[PDB]
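Following: one structure in structure tokens, then a few remarks.
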Amino acid sequence: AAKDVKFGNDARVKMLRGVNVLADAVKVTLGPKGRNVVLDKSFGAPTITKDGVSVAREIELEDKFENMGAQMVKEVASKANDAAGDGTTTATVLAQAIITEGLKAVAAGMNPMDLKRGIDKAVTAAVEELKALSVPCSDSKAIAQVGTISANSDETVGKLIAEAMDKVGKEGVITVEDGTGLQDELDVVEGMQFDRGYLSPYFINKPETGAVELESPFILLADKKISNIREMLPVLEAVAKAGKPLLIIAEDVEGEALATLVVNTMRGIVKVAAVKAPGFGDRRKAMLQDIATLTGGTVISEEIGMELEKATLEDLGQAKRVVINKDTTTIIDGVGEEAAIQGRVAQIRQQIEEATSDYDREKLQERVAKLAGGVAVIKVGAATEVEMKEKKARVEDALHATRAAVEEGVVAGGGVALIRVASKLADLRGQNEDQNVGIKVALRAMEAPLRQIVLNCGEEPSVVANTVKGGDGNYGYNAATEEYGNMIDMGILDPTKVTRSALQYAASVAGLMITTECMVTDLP
Amino acid sequence: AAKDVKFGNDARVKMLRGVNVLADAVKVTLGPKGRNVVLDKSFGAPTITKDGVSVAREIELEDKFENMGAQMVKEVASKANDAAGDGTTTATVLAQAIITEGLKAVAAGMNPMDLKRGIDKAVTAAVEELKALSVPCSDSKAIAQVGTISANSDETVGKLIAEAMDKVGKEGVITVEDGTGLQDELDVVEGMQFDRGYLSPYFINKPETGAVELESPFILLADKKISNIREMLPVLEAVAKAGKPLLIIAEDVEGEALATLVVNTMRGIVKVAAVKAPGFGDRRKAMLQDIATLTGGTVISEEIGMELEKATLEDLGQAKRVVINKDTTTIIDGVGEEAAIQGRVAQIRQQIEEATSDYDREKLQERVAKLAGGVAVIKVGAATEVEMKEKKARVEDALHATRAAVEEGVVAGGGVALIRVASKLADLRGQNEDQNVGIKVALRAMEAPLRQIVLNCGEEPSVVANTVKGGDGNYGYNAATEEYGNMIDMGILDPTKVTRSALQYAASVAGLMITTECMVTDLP
Amino acid sequence: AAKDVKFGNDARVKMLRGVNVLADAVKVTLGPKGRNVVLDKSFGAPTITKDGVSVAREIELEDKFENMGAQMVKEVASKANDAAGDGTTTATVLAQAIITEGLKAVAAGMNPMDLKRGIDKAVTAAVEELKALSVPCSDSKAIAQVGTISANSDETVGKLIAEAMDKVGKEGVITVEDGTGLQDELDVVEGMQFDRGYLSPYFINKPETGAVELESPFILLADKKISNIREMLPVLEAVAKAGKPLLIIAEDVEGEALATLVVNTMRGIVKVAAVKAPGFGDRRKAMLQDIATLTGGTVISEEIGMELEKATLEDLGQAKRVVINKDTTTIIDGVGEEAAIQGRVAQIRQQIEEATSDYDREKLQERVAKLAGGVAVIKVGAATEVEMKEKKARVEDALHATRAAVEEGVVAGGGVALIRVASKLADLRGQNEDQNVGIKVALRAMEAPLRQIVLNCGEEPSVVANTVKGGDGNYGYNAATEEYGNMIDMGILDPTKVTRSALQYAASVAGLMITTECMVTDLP
Ligand SMILES: Nc1ncnc2c1ncn2[C@@H]1O[C@H](COP(=O)(O)OP(=O)(O)O)[C@@H](O)[C@H]1O
Ligand SMILES: Nc1ncnc2c1ncn2[C@@H]1O[C@H](COP(=O)(O)OP(=O)(O)O)[C@@H](O)[C@H]1O
Ligand SMILES: Nc1ncnc2c1ncn2[C@@H]1O[C@H](COP(=O)(O)OP(=O)(O)O)[C@@H](O)[C@H]1O
Ligand code: BEF
Ligand code: BEF
Ligand code: BEF
Ligand SMILES: [K+]
Ligand SMILES: [K+]
Ligand SMILES: [K+]
Ligand SMILES: [Mg+2]
Ligand SMILES: [Mg+2]
Ligand SMILES: [Mg+2]
């Protein structure tokens with residue numbers, strides 16, 4: 001593959017022109033008065049989005065060098081979304097700022113490797129100062145606040161997350177799905193519930209709605225699919241002699257085994273229900289042990305020294321009540337030690353830290369929430385499918401933000417935190433004169449986010465930056481109300497993590513990026 | 001791959017140009033004096049249609065940006081059809097008006113997101129105002145009127161649909177099909193009728209055309225296929241001893257059981273006929289118990305404590321008569337008390353509301369109707385294929401509209417409803433001056449539909465709009481007579497559902513669309 | 001993909017230019033002095049044809065808009081052929097005349113949708129005037145005349161068709177095949193005849209050419225091949241005492257069974273012949289019960305309760321005489337008389353009508369004719385193959401025409417019919433002025449066909465039209481002799497069906513076509 005090489009200011013400029021494109025395209029979505037971008041998709045109708053990394057991911061340039069530039073800054077936006085879920089635009093805006101003033105500094109002839117050392121040092125300091133400005137976010141008031149801001153001033157969304165986090169606890173999981181009507185809807189499930197139906201419609205008890213109810217039943221668990229015919233008599237015969245109902249959770253139940261269970265329950269011999277296991281293998285098998293230890297039963301596996309025909313009443317689990325409908329199965333207050341239950345959650349703590357990243361965290365906490373806490377699901381409503389993609393995207397941002405705000409705390413929004421930490425670091429110096437510039441470049445660049453928000457309002461950024469920098473603490477500019485005031489009192493909150501993350505990531509890549517003396521790529 | 005990005009008014013102009021194409025092609029079909037669009041098809045001859053959403057779907061533009069714009073408003077036309085089934089054109093016109101006046105406001109430098117907030121609130125208000133103006137549609141005259149209007153002034157369509165709804169009621173199902181002769185025809189099937197043929201042609205009785213008539217028959221139902229063993233004998237011997245012709249409803253009957261069945265009917269000991277069960281596997285089993293309880297029979301299931309070999313003369317139901325032909329099977333009378341049937345009809349009511357939308361509702365309402373009410377079918381009498389395609393489309397259009405008008409009520413036609421609610425919302429204000437403009441852009445755009453129906457007459461739209469705004473109530477312009485009057489007395493009717501829908505949908509995408517500061521797409 | 005849209009007079013013209021091409025290529029074949037069009041075929045040599053729809057189907061234009069136009073009018077020509085089989089050209093000229101004057105009326109700004117209503121009212125009115133002017137076609141003189149006219153003044157074709165219709169009855173089928181000798185040949189078969197040969201040639205009786213004559217034979221029907229078990233013979237032992245000649249029609253006859261049949265016939269105990277059944281199962285089996293009841297025999301089926309060895313002498317049918325050859329087998333008179341036969345004829349009546357249309361009715365009427373009436377075949381002949389294809393098309397045209405002329409009656413040819421009803425509709429008016437013009441446009445267009453015929457003679461159409469419009473009754477212009485006179489007495493007759501159809505179909509597409517305000521297609 002024949003390559004093409006460029007040097008010096010020639011190459012830097014080509015790179016910069018590319019970066020500016022990715023950045024200038026992301027910038028328009030910043031802040032409450034920030035605007036929307038349309039991304040063309042071959043697949044279906046276009047996508048309208050205010051989410052920065054969403055726009056960033058789609059940017060690709062024809063000039064190989066400009067492309068390289070943009071493709072490099074596209075990473076700072078992406079790394080933010082995989083970490084925080086908010087601040088992608090903020091992080092991207094910071095990244096651009098560092099590089100512009102940075103590359104300008106190289107044109108001054110200053111040594112770049114020294115410039116990076118200065119920046120990284122200034123950045124390290126700024127993070128510490130942020131750890132200082134960080135105040136804990138606890139009350140559902142603050143939760144609604146960080147949520148409302150990250151949602152672009154949707155108070156319903158903010159209020160919705162605070163309720164969800166409040167009802168199911170901090171361990172409760174929350175998911176975002178497409179809506180039916182035009183209204184947002186909050187669903188809450190307490191206790192253990194998974195999605196599967198009764199295998200035969202004939203299992204319905206007295207209650208209508210297709211509800212099957214079992215009071216103080218026996219639960220049975222199989223690692224394998226049942227099928228055959230009758231199978232398992234000793235366990236069923238023991239439950240019949242016992243005087244209680246049985247619940248069966250297996251890989252599946254084939255028609256022969258189902259029929260014989262149906263005939264016995266129809267005639268009235270023994271009250272019985274049988275339901276399919278939660279998921280495909282290892283999803284299912286893992287969630288039996290979650291389910292097994294909750295109800296104090298023992299999982300019967302073909303992979304160990306036990307089998308279905310040999311079973312004891314002790315292998316069975318017990319619960320107060322169980323409810324099964326066409327799509328759902330529920331276990332009301334099953335009986336297992338709090339010791340054993342907390343044992344399974346503690347084992348998932350080791351499961352919390354993984355290499356799987358996203359979707360690993362969604363399905364892992366899902367098991368945990370079901371075992372201890374409860375689940376919350378938010379249904380986003382819309383008139384049309386394109387508004388749905390916008391509403392749900394604003395909801396996902398707000399969800400990650402509130403979660404992040406909860407754990408790592410909050411600082412004043414409006415990017416005023418960065419502009420404040422920059423004011424605190426003013427007396428900072430480096431090893432050499434060149435390193436000093438790298439430090440100063442960073443502080444000037446921490447102004448960028450605030451100065452960008454104002455510009456999106458079409459107002460003089462120069463004036464607002466001045467009038468905010470003249471003051472101290474949480475005094476800041478409200479872009480929505482277009483008036484100054486206390487950021488914290490006005491409910492404008494940045495999860496500290498998203499602000500910290502945006503700053504760190506942009507500096508890392510931009511620091512490396514201004515060190516470029518050459519660029520190699522494939523020929524057109 | 002490599003993309004192309006444009007910003008601001010540069011991009012908006014490109015977007016609008018596209019929108020206008022999609023719209024301008026659709027606009028021409030609006031109103032009674034509106035005209036037809038031709039859509040070329042590679043397979044066969046081209047199609048001539050006045051139906052708006054049909055035209056919108058076919059629009060695709062060469063300029064990548066212009067295309068993106070059009071593809072977005074193409075959605076408002078499509079969502080309209082998916083909701084109401086009428087008002088695709090009107091909704092398209094509204095969007096353009098919103099986008100046109102909307103983008104104009106952004107060019108002024110007003111904040112788009114405030115424009116959107118200003119619009120949706122005005123829209124929300126209009127929805128309430130329309131929902132208030134909606135009046136019940138009951139009398140068959142009114143039904144005939146809205147049907148005729150959606151049919152573009154075809155009285156036969158109005159009078160024909162009104163009769164069908166009048167004969168089988170609100171709940172009767174109506175379907176629309178292609179036809180042989182030139183006159184519209186309405187066929188109605190009473191009692192229980194499902195579509196399947198006799199497996200053996202020798203079952204034919206006196207009546208030609210393959211007619212098989214059976215007096216006081218028996219109904220038998222198999223969850224399973226009855227091909228191989230043909231062991232029902234003991235049940236048959238009981239019925240042969242009774243000397244009655246029965247009806248056999250199974251998954252299917254193979255020639256082995258049939259051949260001996262043929263010979264049995266040939267010899268004369270007992271006349272017997274057998275036809276296939278109505279539906280697909282899970283679907284049919286739901287419709288099997290429905291047929292059994294109608295005739296008072298009991299369903300034979302392999303999933304229950306019964307079996308194919310075990311049945312009694314008592315498990316079969318009785319009917320007055322049954323008629324089986326090449327295509328359809330019929331039971332003219334079943335034997336049962338009104339308590340159990342109306343209960344099962346009441347029980348199917350809960351199955352009626354589901355997620356399954358289309359194809360679910362047709363046969364379900366079909367089943368409910370077959371069990372209690374009746375089914376109605378309308379055959380469209382167009383002469384040729386190019387004339388048939390437009391004719392049938394107007395008939396389906398009118399059907400959804402009558403359906404829509406009945407359930408949610410009707411409002412004054414001629415698009416006069418929107419202009420009327422616009423006058424009622426006149427004092428509506430927003431949070432700031434920009435939001436105020438958003439509201440006015442909405443109200444200003446609500447005149448669009450009427451002035452467009454006028455403009456298609458080649459008459460001054462401004463004058464008619466003014467003189468209509470001069471009046472109140474149902475006062476409006478009649479485009480067919482080209483003179484004014486009362487819209488309701490003149491039988492010009494807008495289903496409240498479609499007008500409300502058309503408004504909401506246009507508002508959704510148009511509101512979102514004017515928020516565009518950038519557009520990203522592929523390179524030519 | 002990317003589309004292209006044009007509006008208004010811009011698009012209409014493109015549509016028009018297209019229509020004009022399709023028409024102008026068809027026009028030249030109109031009338032006795034009409035000329036021929038050559039259609040190129042890639043595979044073989046070109047085809048020369050006077051058949052109108054033949055030329056129309058081949059037309060495809062490069063400009064997508066013009067193409068759309070022609071492809072739409074290509075349909076009026078196609079529907080004429082699909083209905084009558086004649087009148088295809090006449091219909092096309094009608095369509096062109098209507099469309100041209102219509103667009104002229106639209107360019108005046110008159111409402112198109114009102115124009116369509118005007119025309120159709122005019123068209124519907126004209127049909128009744130035709131139905132009044134329709135006089136019955138009965139005598140073989142008149143039938144020969146309309147056949148001759150549709151044949152382009154070929155008297156042989158008319159008299160030959162007239163001979164066919166008189167001899168074999170109304171139920172007879174008529175076919176057109178390629179010729180051996182330069183001469184046209186009419187072959188007629190009375191009674192029951194099907195095509196299959198004797199499997200063994202040794203069966204020949206007195207008459208040579210392998211002709212077998214069997215007196216009072218016996219009919220047998222088999223769903224099975226007589227291969228495996230040929231020991232079915234005992235029925236023959238009953239036949240050996242009774243008579244020589246029995247005929248067996250089965251799925252097939254194997255060599256071992258044939259061999260034993262040959263030798264037994266060789267000695268002289270009983271002279272016997274055996275032949276295979278004529279057709280495919282579904283069709284042959286349908287024609288099997290036909291032969292059994294014709295001769296008063298009973299069908300033996302393996303799919304029913306009968307067998308190979310089990311037969312009764314009553315199960316066989318009898319005939320006056322039977323003759324069998326290498327190709328065909330024949331039954332002269334049957335013994336089931338009219339009682340069994342017409343019962344089968346009346347039950348097959350419902351099968352005569354269907355949705356299968358062509359291909360099904362071809363051979364179904366074949367079956368019906370064989371049972372009561374007889375089948376007729378016309379051998380069309382020519383010197384060369386290209387002259388044969390034009391010849392066969394005119395024979396098919398004349399064939400379709402006589403069939404159509406018989407059922408719906410005839411009116412004066414030369415298009416004098418249309419121009420005569422046009423004089424009658426002069427006082428017809430619509431609801432508004434635009435509708436009036438549409439009515440006049442139709443009447444103006446009904447003159448087109450006649451003036452076009454004259455134009456093909458290279459004479460002034462205006463002169464003949466006027467001097468023709470001056471007279472009454474059947475007075476018209478004779479294009480062959482170039483002199484005036486009585487159309488019916490001069491033997492120039494139009495089947496009422498073809499003239500009725502041409503107008504209706506031409507009006508259907510032309511009416512819809514002048515409503516076009518827009519056209520969408522793919523980019524070049
Ligand atoms: N009403 C407001 N007034 C002032 N600043 C705001 C307001 N709402 C949000 N902001 C600021 O704008 C930023 C919003 O970021 P956003 O564009 O939603 O995503 P990202 O954090 O990825 O840029 C936050 O840093 C916040 O401080
Ligand atoms: N004769 C008329 N005069 C004035 N307005 C009419 C008339 N007929 C219908 N309308 C209005 O216009 C609408 C019909 O639009 P139409 O042109 O049929 O588009 P579509 O076929 O997509 O519904 C109706 O909903 C009604 O409100
Ligand atoms: N000698 C004639 N004089 C006047 N009209 C004739 C004569 N021969 C045929 N015609 C007319 O020509 C028409 C048949 O023309 P042709 O092109 O063969 O069929 P079509 O136009 O229906 O495809 C008939 O309508 C008939 O009235
Ligand atoms: F651009 Be974001 F809401 F991180
Ligand atoms: F917008 Be419409 F009259 F279906
Ligand atoms: F179309 Be024809 F040969 F009358
Ligand atoms: K954003
Ligand atoms: K329309
Ligand atoms: K012709
Ligand atoms: Mg955000
Ligand atoms: Mg309509
Ligand atoms: Mg002809």
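If you're wondering about the labels, chains in the structure tokens are A, B, ... by order shown, residues count from 1 in each chain, ligands from 1 in order shown.
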query = Within 9 Å of residue C:36, counting only C-alpha atoms, which residues qualify if same-chain residues fewer than 2 places away don't, as JSON, numbers by chain?
reply = {"C": [28, 29, 34, 38, 48, 49, 50, 51]}
Based on the backbone DSSP call, show me all residues of stretch 152-318 of chain A assigned strand (DSSP E), as a CSV table (one decimal) with C-alpha atoms, in the first residue's frame.
chain,number,residue,atom,x,y,z
A,174,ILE,CA,-33.4,1.6,35.3
A,175,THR,CA,-33.9,1.0,31.6
A,176,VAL,CA,-35.2,3.2,28.7
A,177,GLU,CA,-37.6,1.8,26.1
A,178,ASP,CA,-39.8,3.2,23.4
A,185,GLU,CA,-44.4,6.3,31.9
A,186,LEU,CA,-42.7,4.9,35.0
A,187,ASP,CA,-43.0,1.2,35.9
A,188,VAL,CA,-41.9,-0.3,39.2
A,189,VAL,CA,-41.5,-4.0,40.1
A,190,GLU,CA,-40.8,-4.9,43.7
A,192,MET,CA,-38.3,-11.1,42.2
A,193,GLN,CA,-39.8,-11.0,38.7
A,194,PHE,CA,-38.6,-12.3,35.4
A,212,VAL,CA,-52.1,-18.4,38.2
A,213,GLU,CA,-51.6,-18.1,42.0
A,214,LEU,CA,-49.7,-20.5,44.3
A,215,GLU,CA,-49.5,-19.9,48.0
A,218,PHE,CA,-42.5,-25.7,46.2
A,219,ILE,CA,-40.1,-24.5,43.6
A,220,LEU,CA,-38.2,-26.9,41.4
A,221,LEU,CA,-35.1,-26.1,39.3
A,246,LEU,CA,-45.5,-27.0,43.0
A,247,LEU,CA,-43.7,-24.6,40.8
A,248,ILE,CA,-41.3,-25.9,38.1
A,249,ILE,CA,-38.5,-23.8,36.6
A,250,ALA,CA,-36.8,-25.7,33.9
A,272,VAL,CA,-49.1,-27.4,39.8
A,273,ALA,CA,-47.5,-24.7,37.6
A,274,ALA,CA,-44.5,-25.0,35.2
A,275,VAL,CA,-42.6,-22.2,33.6
A,276,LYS,CA,-39.6,-21.9,31.2
A,317,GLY,CA,-37.3,-24.2,47.4
A,318,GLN,CA,-40.2,-22.5,49.2
ask   = Counting only C-alpha atoms, what is within 7 Å of stretch 308-312 of chain A, bar same-chain residues fewer than 6 positions away, as a PyMOL selection string?
value = chain A and resi 231-232+234-235+300
At a cut-off of 6 Å, can you tabulate as CSV every residue of chain C near ligand 6 together with its closest atom pair and the distance in Å to one decimal, using only C-alpha atoms and all ligand atoms and ordering rows by chain then number?
residue,atom,partner,partner_atom_place_in_ligand_line,distance
C:51,CA,ligand 6,3 (F),4.5
C:52,CA,ligand 6,1 (F),4.7
C:86,CA,ligand 6,4 (F),4.1
C:87,CA,ligand 6,4 (F),4.3
C:88,CA,ligand 6,1 (F),4.1
C:89,CA,ligand 6,1 (F),4.8
C:150,CA,ligand 6,4 (F),5.2
C:394,CA,ligand 6,3 (F),5.7
C:397,CA,ligand 6,3 (F),5.4
Quick one: write out the picked residues with N, CA, C and O atoms as an mmCIF file, in the first residue's frame?
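Contents of the output file part.cif:
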data_model
loop_
_atom_site.group_PDB
_atom_site.id
_atom_site.type_symbol
_atom_site.label_atom_id
_atom_site.label_comp_id
_atom_site.auth_asym_id
_atom_site.auth_seq_id
_atom_site.Cartn_x
_atom_site.Cartn_y
_atom_site.Cartn_z
ATOM 1 N N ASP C 51 -52.443 -6.609 -36.490
ATOM 2 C CA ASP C 51 -53.157 -6.678 -35.214
ATOM 3 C C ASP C 51 -52.688 -5.558 -34.289
ATOM 4 O O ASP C 51 -51.509 -5.475 -33.948
ATOM 5 N N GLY C 52 -53.625 -4.711 -33.872
ATOM 6 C CA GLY C 52 -53.294 -3.497 -33.150
ATOM 7 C C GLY C 52 -52.594 -3.655 -31.813
ATOM 8 O O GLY C 52 -51.534 -3.067 -31.594
ATOM 9 N N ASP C 86 -60.761 -8.369 -30.710
ATOM 10 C CA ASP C 86 -60.860 -7.476 -31.846
ATOM 11 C C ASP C 86 -61.241 -6.102 -31.307
ATOM 12 O O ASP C 86 -61.675 -5.981 -30.162
ATOM 13 N N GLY C 87 -61.065 -5.065 -32.112
ATOM 14 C CA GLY C 87 -61.431 -3.731 -31.673
ATOM 15 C C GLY C 87 -60.309 -3.060 -30.906
ATOM 16 O O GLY C 87 -60.486 -1.974 -30.359
ATOM 17 N N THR C 88 -59.149 -3.709 -30.875
ATOM 18 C CA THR C 88 -57.987 -3.187 -30.159
ATOM 19 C C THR C 88 -57.519 -1.856 -30.729
ATOM 20 O O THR C 88 -57.225 -0.917 -29.991
ATOM 21 N N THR C 89 -57.438 -1.788 -32.051
ATOM 22 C CA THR C 89 -57.040 -0.563 -32.730
ATOM 23 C C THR C 89 -58.087 0.536 -32.578
ATOM 24 O O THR C 89 -57.755 1.688 -32.285
ATOM 25 N N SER C 150 -63.741 -8.559 -39.797
ATOM 26 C CA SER C 150 -62.678 -8.598 -38.797
ATOM 27 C C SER C 150 -61.425 -9.234 -39.387
ATOM 28 O O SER C 150 -60.321 -9.084 -38.859
ATOM 29 N N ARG C 394 -55.364 -12.597 -37.860
ATOM 30 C CA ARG C 394 -56.609 -12.113 -38.448
ATOM 31 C C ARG C 394 -57.713 -13.164 -38.328
ATOM 32 O O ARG C 394 -58.893 -12.823 -38.251
ATOM 33 N N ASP C 397 -58.654 -12.907 -34.732
ATOM 34 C CA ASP C 397 -59.424 -11.675 -34.638
ATOM 35 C C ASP C 397 -60.849 -11.928 -35.117
ATOM 36 O O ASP C 397 -61.818 -11.581 -34.440
#
task = May I have the residues within 7 Å of ligand 1, computed using only C-alpha atoms and all ligand atoms, as an MDAnalysis selection string?
result = chainID A and resid 29:32 34 51:52 86:91 149:153 413:415 453 477:481 492:494
Residues as selected, C-alpha atoms, written as a PDB file, in the first residue's frame, can you do that?
ATOM      1  CA  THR A  29     -25.377  20.854  20.325  1.00  0.00           C
ATOM      2  CA  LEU A  30     -23.843  22.376  23.462  1.00  0.00           C
ATOM      3  CA  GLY A  31     -25.959  23.821  26.256  1.00  0.00           C
ATOM      4  CA  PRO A  32     -29.698  24.476  26.736  1.00  0.00           C
ATOM      5  CA  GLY A  34     -27.657  24.378  21.758  1.00  0.00           C
ATOM      6  CA  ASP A  51     -25.942  13.886  21.559  1.00  0.00           C
ATOM      7  CA  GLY A  52     -22.358  14.841  20.699  1.00  0.00           C
ATOM      8  CA  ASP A  86     -22.566  12.961  29.368  1.00  0.00           C
ATOM      9  CA  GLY A  87     -20.026  15.683  28.618  1.00  0.00           C
ATOM     10  CA  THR A  88     -19.241  14.319  25.181  1.00  0.00           C
ATOM     11  CA  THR A  89     -19.816  17.745  23.663  1.00  0.00           C
ATOM     12  CA  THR A  90     -18.064  19.414  26.607  1.00  0.00           C
ATOM     13  CA  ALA A  91     -15.094  17.062  26.245  1.00  0.00           C
ATOM     14  CA  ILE A 149     -30.009  19.590  33.163  1.00  0.00           C
ATOM     15  CA  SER A 150     -28.614  16.554  31.353  1.00  0.00           C
ATOM     16  CA  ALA A 151     -32.015  16.157  29.684  1.00  0.00           C
ATOM     17  CA  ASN A 152     -31.862  19.668  28.182  1.00  0.00           C
ATOM     18  CA  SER A 153     -34.297  21.240  30.622  1.00  0.00           C
ATOM     19  CA  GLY A 413     -22.876  23.700  35.790  1.00  0.00           C
ATOM     20  CA  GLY A 414     -22.492  26.101  32.888  1.00  0.00           C
ATOM     21  CA  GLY A 415     -18.928  24.833  32.709  1.00  0.00           C
ATOM     22  CA  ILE A 453     -22.664  27.993  25.610  1.00  0.00           C
ATOM     23  CA  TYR A 477     -24.427  32.442  33.821  1.00  0.00           C
ATOM     24  CA  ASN A 478     -27.805  30.848  33.187  1.00  0.00           C
ATOM     25  CA  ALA A 479     -28.127  30.355  29.446  1.00  0.00           C
ATOM     26  CA  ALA A 480     -31.796  29.383  29.487  1.00  0.00           C
ATOM     27  CA  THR A 481     -32.996  32.378  31.516  1.00  0.00           C
ATOM     28  CA  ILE A 492     -27.882  23.874  37.217  1.00  0.00           C
ATOM     29  CA  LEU A 493     -25.668  20.950  38.098  1.00  0.00           C
ATOM     30  CA  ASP A 494     -22.842  19.060  36.448  1.00  0.00           C
TER      31      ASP A 494
END
Interface list for chain A, partner chain B, 9 Å threshold, only C-alpha atoms, as a VMD selection string = chain A and resid 21 25 28 to 29 32 to 41 44 to 48 55 58 to 63 67 200 209 255 to 256 258 to 260 262 to 264 266 to 267 382 to 387 457 to 458
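The interatomic distance for the pair atom CA of residue A:359 and atom CA of residue A:331 works out to 25.3 Å.
With chain C held fixed and chain B fitted to it over all Cα atoms, the RMSD is 1.3 Å.
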